[PDB]
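Undergrad: query-v3.pdb is reproduced in full below (PDB, C-alpha atoms (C1' of nucleotides)).
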```
ATOM      1  CA  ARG A 335     216.393 236.782 108.380  1.00  0.00           C
ATOM      2  CA  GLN A 336     213.243 235.712 106.509  1.00  0.00           C
ATOM      3  CA  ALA A 337     214.895 235.643 103.078  1.00  0.00           C
ATOM      4  CA  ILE A 338     218.075 234.005 104.388  1.00  0.00           C
ATOM      5  CA  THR A 339     216.198 231.211 106.166  1.00  0.00           C
ATOM      6  CA  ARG A 340     213.868 230.798 103.167  1.00  0.00           C
ATOM      7  CA  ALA A 341     216.838 230.336 100.838  1.00  0.00           C
ATOM      8  CA  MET A 342     218.390 228.012 103.422  1.00  0.00           C
ATOM      9  CA  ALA A 343     215.222 225.916 103.315  1.00  0.00           C
ATOM     10  CA  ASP A 344     215.036 225.942  99.512  1.00  0.00           C
ATOM     11  CA  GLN A 345     218.730 225.667  98.543  1.00  0.00           C
ATOM     12  CA  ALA A 346     220.979 224.280 101.307  1.00  0.00           C
ATOM     13  CA  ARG A 347     219.787 220.668 101.100  1.00  0.00           C
ATOM     14  CA  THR A 348     220.305 218.620  97.947  1.00  0.00           C
ATOM     15  CA  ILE A 349     216.967 216.847  98.417  1.00  0.00           C
ATOM     16  CA  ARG A 350     214.799 219.940  98.745  1.00  0.00           C
ATOM     17  CA  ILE A 351     212.545 220.247 101.794  1.00  0.00           C
ATOM     18  CA  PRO A 352     209.547 222.627 101.951  1.00  0.00           C
ATOM     19  CA  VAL A 353     209.788 225.566 104.327  1.00  0.00           C
ATOM     20  CA  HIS A 354     207.096 224.290 106.704  1.00  0.00           C
ATOM     21  CA  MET A 355     208.863 220.936 106.973  1.00  0.00           C
ATOM     22  CA  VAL A 356     212.177 222.756 107.505  1.00  0.00           C
ATOM     23  CA  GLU A 357     210.752 224.756 110.404  1.00  0.00           C
ATOM     24  CA  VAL A 358     209.148 221.585 111.805  1.00  0.00           C
ATOM     25  CA  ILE A 359     212.430 219.652 111.719  1.00  0.00           C
ATOM     26  CA  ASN A 360     214.544 222.468 113.153  1.00  0.00           C
ATOM     27  CA  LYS A 361     211.988 223.134 115.907  1.00  0.00           C
ATOM     28  CA  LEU A 362     212.128 219.420 116.741  1.00  0.00           C
ATOM     29  CA  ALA A 363     215.937 219.548 116.726  1.00  0.00           C
ATOM     30  CA  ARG A 364     216.073 222.567 119.039  1.00  0.00           C
ATOM     31  CA  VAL A 365     213.551 221.155 121.521  1.00  0.00           C
ATOM     32  CA  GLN A 366     215.438 217.835 121.478  1.00  0.00           C
ATOM     33  CA  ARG A 367     218.662 219.718 122.237  1.00  0.00           C
ATOM     34  CA  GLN A 368     216.900 221.597 125.048  1.00  0.00           C
ATOM     35  CA  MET A 369     215.656 218.334 126.564  1.00  0.00           C
ATOM     36  CA  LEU A 370     219.136 216.817 126.202  1.00  0.00           C
ATOM     37  CA  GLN A 371     220.774 219.708 128.058  1.00  0.00           C
ATOM     38  CA  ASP A 372     218.027 219.695 130.709  1.00  0.00           C
ATOM     39  CA  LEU A 373     217.688 215.976 131.479  1.00  0.00           C
ATOM     40  CA  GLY A 374     221.357 215.252 130.779  1.00  0.00           C
ATOM     41  CA  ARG A 375     220.480 212.337 128.493  1.00  0.00           C
ATOM     42  CA  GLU A 376     219.047 211.538 125.084  1.00  0.00           C
ATOM     43  CA  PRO A 377     215.260 212.045 125.297  1.00  0.00           C
ATOM     44  CA  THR A 378     212.994 209.154 124.405  1.00  0.00           C
ATOM     45  CA  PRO A 379     210.860 209.712 121.272  1.00  0.00           C
ATOM     46  CA  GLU A 380     207.636 209.220 123.258  1.00  0.00           C
ATOM     47  CA  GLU A 381     208.358 212.132 125.614  1.00  0.00           C
ATOM     48  CA  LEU A 382     209.270 214.210 122.560  1.00  0.00           C
ATOM     49  CA  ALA A 383     205.931 213.204 121.019  1.00  0.00           C
ATOM     50  CA  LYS A 384     203.962 214.370 124.064  1.00  0.00           C
ATOM     51  CA  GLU A 385     205.932 217.610 124.415  1.00  0.00           C
ATOM     52  CA  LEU A 386     205.524 218.368 120.694  1.00  0.00           C
ATOM     53  CA  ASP A 387     201.821 217.315 120.850  1.00  0.00           C
ATOM     54  CA  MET A 388     202.403 215.126 117.765  1.00  0.00           C
ATOM     55  CA  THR A 389     202.075 211.387 117.306  1.00  0.00           C
ATOM     56  CA  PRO A 390     205.249 209.305 117.820  1.00  0.00           C
ATOM     57  CA  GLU A 391     204.958 208.029 114.239  1.00  0.00           C
ATOM     58  CA  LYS A 392     205.065 211.642 113.046  1.00  0.00           C
ATOM     59  CA  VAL A 393     208.116 212.223 115.262  1.00  0.00           C
ATOM     60  CA  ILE A 394     210.046 209.273 113.840  1.00  0.00           C
ATOM     61  CA  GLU A 395     209.004 210.294 110.313  1.00  0.00           C
ATOM     62  CA  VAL A 396     210.407 213.779 110.997  1.00  0.00           C
ATOM     63  CA  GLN A 397     213.658 212.285 112.316  1.00  0.00           C
ATOM     64  CA  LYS A 398     213.827 210.119 109.184  1.00  0.00           C
ATOM     65  CA  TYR A 399     213.331 213.140 106.895  1.00  0.00           C
ATOM     66  CA  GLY A 400     216.035 215.109 108.722  1.00  0.00           C
ATOM     67  CA  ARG A 401     219.092 213.539 107.087  1.00  0.00           C
ATOM     68  CA  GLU A 402     221.956 214.647 104.839  1.00  0.00           C
ATOM     69  CA  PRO A 403     223.301 212.682 101.848  1.00  0.00           C
ATOM     70  CA  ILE A 404     226.848 211.321 101.872  1.00  0.00           C
ATOM     71  CA  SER A 405     229.019 211.811  98.797  1.00  0.00           C
ATOM     72  CA  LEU A 406     229.887 208.876  96.537  1.00  0.00           C
ATOM     73  CA  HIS A 407     233.530 210.007  96.360  1.00  0.00           C
ATOM     74  CA  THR A 408     234.483 209.592 100.031  1.00  0.00           C
ATOM     75  CA  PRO A 409     237.655 207.461 100.281  1.00  0.00           C
ATOM     76  CA  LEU A 410     237.597 204.455 102.586  1.00  0.00           C
ATOM     77  CA  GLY A 411     241.079 204.799 104.067  1.00  0.00           C
ATOM     78  CA  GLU A 412     244.712 204.332 103.065  1.00  0.00           C
ATOM     79  CA  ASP A 413     243.811 203.496  99.449  1.00  0.00           C
ATOM     80  CA  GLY A 414     242.730 206.532  97.444  1.00  0.00           C
ATOM     81  CA  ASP A 415     241.523 204.690  94.345  1.00  0.00           C
ATOM     82  CA  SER A 416     238.972 202.412  96.020  1.00  0.00           C
ATOM     83  CA  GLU A 417     235.959 204.702  96.323  1.00  0.00           C
ATOM     84  CA  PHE A 418     232.695 204.483  98.229  1.00  0.00           C
ATOM     85  CA  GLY A 419     230.802 204.409  94.927  1.00  0.00           C
ATOM     86  CA  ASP A 420     232.547 201.222  93.781  1.00  0.00           C
ATOM     87  CA  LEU A 421     231.373 199.134  96.761  1.00  0.00           C
ATOM     88  CA  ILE A 422     227.648 199.342  95.913  1.00  0.00           C
ATOM     89  CA  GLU A 423     226.020 197.389  93.091  1.00  0.00           C
TER      90      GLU A 423
ATOM     91  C1'  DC B   1     146.587 155.299  66.776  1.00  0.00           C
ATOM     92  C1'  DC B   2     146.653 159.938  66.895  1.00  0.00           C
ATOM     93  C1'  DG B   3     146.025 162.828  71.409  1.00  0.00           C
ATOM     94  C1'  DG B   4     147.017 164.725  75.210  1.00  0.00           C
ATOM     95  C1'  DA B   5     150.158 165.709  79.098  1.00  0.00           C
ATOM     96  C1'  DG B   6     154.613 166.357  80.759  1.00  0.00           C
ATOM     97  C1'  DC B   7     158.995 167.656  79.714  1.00  0.00           C
ATOM     98  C1'  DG B   8     163.412 170.297  77.097  1.00  0.00           C
ATOM     99  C1'  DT B   9     164.885 174.017  75.031  1.00  0.00           C
ATOM    100  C1'  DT B  10     164.552 178.780  73.395  1.00  0.00           C
ATOM    101  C1'  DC B  11     163.181 183.286  73.130  1.00  0.00           C
ATOM    102  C1'  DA B  12     160.249 188.640  73.750  1.00  0.00           C
ATOM    103  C1'  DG B  13     157.326 191.852  77.275  1.00  0.00           C
ATOM    104  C1'  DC B  14     158.883 194.714  81.552  1.00  0.00           C
ATOM    105  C1'  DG B  15     161.823 194.758  86.236  1.00  0.00           C
ATOM    106  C1'  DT B  16     166.133 195.365  89.138  1.00  0.00           C
ATOM    107  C1'  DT B  17     170.855 195.477  89.731  1.00  0.00           C
ATOM    108  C1'  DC B  18     175.931 196.650  88.189  1.00  0.00           C
ATOM    109  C1'  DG B  19     180.176 199.138  85.938  1.00  0.00           C
ATOM    110  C1'  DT B  20     181.922 203.019  85.561  1.00  0.00           C
ATOM    111  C1'  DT B  21     181.601 208.542  86.284  1.00  0.00           C
ATOM    112  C1'  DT B  22     180.870 213.386  88.600  1.00  0.00           C
ATOM    113  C1'  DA B  23     180.590 217.181  91.330  1.00  0.00           C
ATOM    114  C1'  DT B  24     180.851 218.493  96.511  1.00  0.00           C
ATOM    115  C1'  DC B  25     182.809 218.180 101.048  1.00  0.00           C
ATOM    116  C1'  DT B  26     187.096 217.441 104.870  1.00  0.00           C
ATOM    117  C1'  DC B  27     191.867 216.888 105.574  1.00  0.00           C
ATOM    118  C1'  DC B  28     196.401 217.784 104.278  1.00  0.00           C
ATOM    119  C1'  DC B  29     200.458 219.588 101.548  1.00  0.00           C
ATOM    120  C1'  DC B  30     202.976 223.508  99.650  1.00  0.00           C
ATOM    121  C1'  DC B  31     204.288 228.260  98.243  1.00  0.00           C
ATOM    122  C1'  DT B  32     204.260 233.407  98.799  1.00  0.00           C
ATOM    123  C1'  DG B  33     203.835 237.206 102.229  1.00  0.00           C
ATOM    124  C1'  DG B  34     204.576 239.562 107.460  1.00  0.00           C
ATOM    125  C1'  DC B  35     206.688 240.552 111.321  1.00  0.00           C
ATOM    126  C1'  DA B  36     208.769 247.356 112.812  1.00  0.00           C
ATOM    127  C1'  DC B  37     213.576 249.749 120.189  1.00  0.00           C
ATOM    128  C1'  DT B  38     218.247 248.790 117.885  1.00  0.00           C
ATOM    129  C1'  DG B  39     221.102 245.258 116.493  1.00  0.00           C
ATOM    130  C1'  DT B  40     226.099 247.643 109.502  1.00  0.00           C
ATOM    131  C1'  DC B  41     232.625 243.128 108.158  1.00  0.00           C
ATOM    132  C1'  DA B  42     233.657 236.271 109.323  1.00  0.00           C
ATOM    133  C1'  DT B  43     236.879 232.589 108.519  1.00  0.00           C
ATOM    134  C1'  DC B  44     240.630 229.561 109.770  1.00  0.00           C
ATOM    135  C1'  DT B  45     243.891 228.157 106.715  1.00  0.00           C
ATOM    136  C1'  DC B  46     249.122 226.666 105.651  1.00  0.00           C
ATOM    137  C1'  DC B  47     254.399 224.297 107.586  1.00  0.00           C
ATOM    138  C1'  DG B  48     258.906 218.358 108.977  1.00  0.00           C
ATOM    139  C1'  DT B  49     255.915 215.793 100.295  1.00  0.00           C
ATOM    140  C1'  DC B  50     259.571 215.798  96.621  1.00  0.00           C
ATOM    141  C1'  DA B  51     262.038 215.932  92.872  1.00  0.00           C
ATOM    142  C1'  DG B  52     263.150 218.015  89.274  1.00  0.00           C
ATOM    143  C1'  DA B  53     261.562 219.902  85.440  1.00  0.00           C
ATOM    144  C1'  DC B  54     258.850 223.288  82.356  1.00  0.00           C
ATOM    145  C1'  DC B  55     257.533 227.586  81.996  1.00  0.00           C
ATOM    146  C1'  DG B  56     256.446 232.459  82.241  1.00  0.00           C
ATOM    147  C1'  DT B  57     257.395 236.134  84.914  1.00  0.00           C
ATOM    148  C1'  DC B  58     260.240 240.068  86.646  1.00  0.00           C
ATOM    149  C1'  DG B  59     263.517 243.297  88.392  1.00  0.00           C
ATOM    150  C1'  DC B  60     268.437 244.099  87.821  1.00  0.00           C
ATOM    151  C1'  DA B  61     272.060 244.805  84.444  1.00  0.00           C
TER     152       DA B  61
END
```
Once you've parsed the file, please lay out its structure as structure tokens.

TA:
Amino acid sequence: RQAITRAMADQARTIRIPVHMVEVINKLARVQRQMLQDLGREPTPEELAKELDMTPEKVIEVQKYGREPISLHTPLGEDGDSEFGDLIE
DNA sequence: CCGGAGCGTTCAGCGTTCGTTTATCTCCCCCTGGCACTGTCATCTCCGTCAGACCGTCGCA
């Protein structure tokens, strides 16, 4: 489990994230999911900040860092030739 | 009728203040290493192209 999650931290994401930041973001994700299934609603970032004992600015920074890139080759729709990479200057 | 005083400008003694560095002390980031009841084979793909060719492949003759 240790080696698999270490390689998941160091290799799964294209923009590499250090292992401590990976465990921080997935702990935040799992406690957010727990609060969502308990309260039945999306938890406010302030309550997440108090329950994680971190500052709200740290919480929103963590949510910002927890993203996934989108490929430049995703088609828009019916047309195959018009790409997502040709709409950005 | 030069002489002195006051005034303008310009420099040599030491006296303080800056401009730019240096090693030490907190706070944080980041990577490698530990966990000891057992727990020893996933995963859904893919169908109502399509049109015929080009080609190698392959078992029957």

Undergrad: Identify all residues satisfying the PyMOL selection byres ((chain B) within 12 of (chain A)) in the given file; provide them as a PyMOL selection string.

TA: chain B and resi 29-35

Undergrad: Could you give me, as a count of residues only, the residues within 12 Å of residue A:399, counting all atoms listed in the file and dropping anything in the same chain fewer than 5 positions from it?

TA: 14

Undergrad: I want to know what sits within 12 Å of residue A:421, based on all atoms listed in the file, with residues of the same chain fewer than 4 positions away left out; could you give that as a ChimeraX atom specification?

TA: /A:406-410,415-417

Undergrad: Mind dumping the selected residues with C-alpha atoms as an mmCIF file, keeping the file's coordinate frame?

TA:
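Result went into selection.cif, see below:
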```cif
data_model
loop_
_atom_site.group_PDB
_atom_site.id
_atom_site.type_symbol
_atom_site.label_atom_id
_atom_site.label_comp_id
_atom_site.auth_asym_id
_atom_site.auth_seq_id
_atom_site.Cartn_x
_atom_site.Cartn_y
_atom_site.Cartn_z
ATOM 1 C CA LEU A 406 229.887 208.876 96.537
ATOM 2 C CA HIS A 407 233.530 210.007 96.360
ATOM 3 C CA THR A 408 234.483 209.592 100.031
ATOM 4 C CA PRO A 409 237.655 207.461 100.281
ATOM 5 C CA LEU A 410 237.597 204.455 102.586
ATOM 6 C CA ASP A 415 241.523 204.690 94.345
ATOM 7 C CA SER A 416 238.972 202.412 96.020
ATOM 8 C CA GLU A 417 235.959 204.702 96.323
#
```

Undergrad: Apply the PyMOL selection byres ((chain A and resi 366) around 12) to the structure shown and report the selected residues as an MDAnalysis selection string.

TA: chainID A and resid 359:365 367:383 385:386 393 397

Undergrad: Do you have the atom CA of residue A:389-atom CA of residue A:357 distance handy?

TA: 17.4 Å

Undergrad: For a test of reading the model, state the distance in Å between atom CA of residue A:422 and atom CA of residue A:344, rounded to one decimal.

TA: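 That distance, rounded to one decimal, is 29.7 Å.
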
Undergrad: Calculate how many Å separate atom CA of residue A:418 from atom CA of residue A:402, rounding to one decimal.

TA: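 Going from atom CA of residue A:418 over to atom CA of residue A:402, I get 16.2 Å.
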